[PDB]
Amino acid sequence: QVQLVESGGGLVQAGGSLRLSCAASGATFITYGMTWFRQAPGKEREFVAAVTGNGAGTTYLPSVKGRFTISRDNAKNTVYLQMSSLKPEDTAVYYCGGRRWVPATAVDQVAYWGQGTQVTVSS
């Protein structure tokens, strides 16, 4: 009974900001590498950002690097994605994926998913 529950999405104007959260419960959180994926309707689900178990190692999709920040609080079992300078490009459903020991970099590698939270960026 491992469950990932997401929040913080919704609608915002271009240049705006959001903060996604993904609270985990069931397994031991620090043994999982957490990753944010996003999927626009009709396109393939793509990698956005990933963080290691300890929280030291972070990787970003080149596009969103600088604008997006991933982080995690291993005490409260949550991973965050702070989005800034949002473009219409970034409109999609954002999913949080967990994989044991090493963050997933491709969809197939993810062991546990969240329900997915919509982000829409109008202009």
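Note that residue numbering follows the sequence shown and begins at 1.
Relative to its counterpart among 43-51 and 84-92, 84-92 has the higher mean temperature factor, C-alpha atoms as listed in the PDB entry. Per-chain ranking of the deposited C-alpha B factor places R72 in the lowest third. In this PDB entry, the Cα temperature factor of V119 sits in the bottom third of its chain's modelled residues, the lowest group. Among the modelled residues of its chain, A56 has a C-alpha B-factor that falls in the lowest third, as given in the PDB entry. In the PDB entry, a CA B factor belonging to the lowest third of its chain's modelled residues is recorded for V110. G98: CA B factor in the lowest third of modelled residues in this chain (values from the PDB entry).
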